[PDB]
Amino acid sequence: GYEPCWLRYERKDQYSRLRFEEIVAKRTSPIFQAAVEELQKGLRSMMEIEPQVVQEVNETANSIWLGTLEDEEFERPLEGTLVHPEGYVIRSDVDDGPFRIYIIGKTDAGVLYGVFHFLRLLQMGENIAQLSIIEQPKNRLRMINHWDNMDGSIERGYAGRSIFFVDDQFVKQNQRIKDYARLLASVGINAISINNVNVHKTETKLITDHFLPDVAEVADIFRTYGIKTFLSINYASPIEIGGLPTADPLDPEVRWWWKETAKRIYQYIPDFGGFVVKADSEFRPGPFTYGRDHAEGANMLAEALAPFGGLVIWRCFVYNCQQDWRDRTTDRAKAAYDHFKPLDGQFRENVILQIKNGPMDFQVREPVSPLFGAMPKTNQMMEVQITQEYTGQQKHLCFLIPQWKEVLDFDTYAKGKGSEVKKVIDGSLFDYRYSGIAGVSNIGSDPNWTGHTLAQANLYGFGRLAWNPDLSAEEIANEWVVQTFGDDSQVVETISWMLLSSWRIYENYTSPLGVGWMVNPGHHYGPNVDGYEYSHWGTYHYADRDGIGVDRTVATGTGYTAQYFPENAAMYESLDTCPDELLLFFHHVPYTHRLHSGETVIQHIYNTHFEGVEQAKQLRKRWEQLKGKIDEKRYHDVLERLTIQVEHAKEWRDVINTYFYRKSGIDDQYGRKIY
């Protein structure tokens, strides 16, 4: 019914087989059982072998051994250096006898991640005669957030309907949820929230007996793949389901009601991860409704979960969603830092502030949120958007891994040089107890799971970066393409090229120089330069007949640059050093202002919009050269979306070029067609 994505386990030829007679499973916990089952599946499918599962080694049998440190006869120095619970070692025995592969995990989940790594090696055709591998995740939380509603819709879902819910209930049975867990665990994802952060009427009851048995069945499947389950919650639940007159977190009965709710959930799900919370945002209720701050409001929930080891993931996407467009002092980009930096040191230790990559809202380019690096005493995790709300909605190709690496490698200088975002959220810089990264799911019930076949690369790559942010975009694309489309070197170079250039191509024909937006309101797809320009969401470009851009300087504008540490604040504050790609985010400038590229701002706009369309056509041409080397169905699936992309890109190009010709009155340098 659906694609295997990157877990194809394609049958090898006769020159690429392995000889094994036994799999040694030293434990029989559900996680180990899932790990053995994946190994049997991959070996049968790739190697056409079915080794017998045993729980003690046969000293003359060729085998793969699965165990933790405490199951080892001899604990060797490599595995002895593991410190992370989900770490593992893979090593080939250097005896001249039988062939042995040891997969040694610090814990059961480490064996599962090691089993997927070993199968990854086989899919990629790597020689395993002499493996010596050690792997430990850098981020403790490696999470997916679902925006799924129980009516089956998905908020900002471009890949079909919910695979969890339909008709205000759980889908019964679950085979697809198991394969989804396999996919998530294969790239190391260890946590999931199954319901929309906008928690509506039915979804509020997910924390009540009416639905907890269903929640628990889903949690049972994920637990087997090392994944902890979370629920997004309605902060006003004490009123809406508890019959309380208030949801004030300082009200004693409210506090008790959340404690009782927590106790009840842990009776159904003893390892429940915790709650995700959108509060006091976009008209969703929160502590502010009762005159309290977010430390008071998070802490109350945190105390309810604390006896059970749960976590509060408190989202920092908070801002004035009723801004007066006339008010040029108010800057939405400043809101999250101004709201949360003052609260550093006031939160309970099982609270994690979840912060999007940028301070606005997942635009094709945004500078990094200044909150990263600014709260040494508070756990932080980054939120990225795998579903492409403003990056093409899986109609346009957009591999997001390069952008995420830019954010992850951005140096905040919080503790001087070498204070990259990745060190903030991996908890090493400030010693955070809990931290990491989360991504808003791009899947849905479409058979290819992500809408665009090539958007599978974004779910894959999210997981790889969450495991190790230092992985290059090039090697992540290489692994994904080889596993999903095979190892033909023309196929590999071509799709890797498409992926790696796709984000830049889409940026080129959409909003210029980091100013964001210029999208149709509502569904957010396609060009509309003035779409929100006189609205109340805080999203303005201020374009007029002379110039464009948001003045966020301290010298003459909103002062947003001061939220950065001095090295970055100065870079952005000055007109002459601000990087071109963010210029209009930080400065209001005349259309004739000359960029570092030598282009005027206006001619830059024309150039990237004309040239972006030419690059999308090139994306399609290169895919077409792969006909015959890709199966017909996926070939045509992707080709159809690239053609949709090329046609829509022409619209972006012409709407933006005409808008700006109409305003600026300045013609294209090269005389190209502006309507």
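Numbering starts at 1 and runs along the sequence shown.
S.K.: Comparing 578 to 586 with 328 to 336, which has the greater mean CA B-factor as deposited?
M.R.: Looking at the record's C-alpha B-factors, the answer is 328 to 336.
S.K.: Using only C-alpha atoms and the B-factors in the entry, which stretch averages higher, 389 to 397 or 78 to 86?
M.R.: Result of the comparison: 78 to 86.
S.K.: Have a look at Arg504, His523, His604, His146 and flag the one whose Cα has the highest B-factor in the entry.
M.R.: Out of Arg504, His523, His604, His146, the record gives the largest C-alpha B-factor to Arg504.
S.K.: Which has the highest CA B-factor per the PDB entry: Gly461, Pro402, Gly286, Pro469?
M.R.: Out of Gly461, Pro402, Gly286, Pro469, the record gives the largest C-alpha B-factor to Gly286.
S.K.: Can you tell me whether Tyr158 has a C-alpha B-factor in the lowest, middle or highest third compared with the other modelled residues of the same chain?
M.R.: It falls in the bottom third of the chain.
S.K.: Can you tell me which third, lowest, middle or highest, the CA B-factor of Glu651 falls into for its chain?
M.R.: Answer is lowest: the recorded C-alpha B-factor places it there.
S.K.: Can you tell me whether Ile644 has a C-alpha B-factor in the lowest, middle or highest third compared with the other modelled residues of the same chain?
M.R.: As the PDB entry reports it, the C-alpha B-factor of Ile644 lands in the middle third of its chain.
S.K.: Grab the CA temperature factor for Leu141 from the record and place it in the lowest, middle or highest third of its chain.
M.R.: Lowest third - that is where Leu141 ends up once the chain's C-alpha B-factors are sorted.
S.K.: Divide the modelled residues of the chain into thirds by Cα B-factor and specify which third, lowest, middle or highest, holds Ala35.
M.R.: Middle third - that is where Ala35 ends up once the chain's C-alpha B-factors are sorted.
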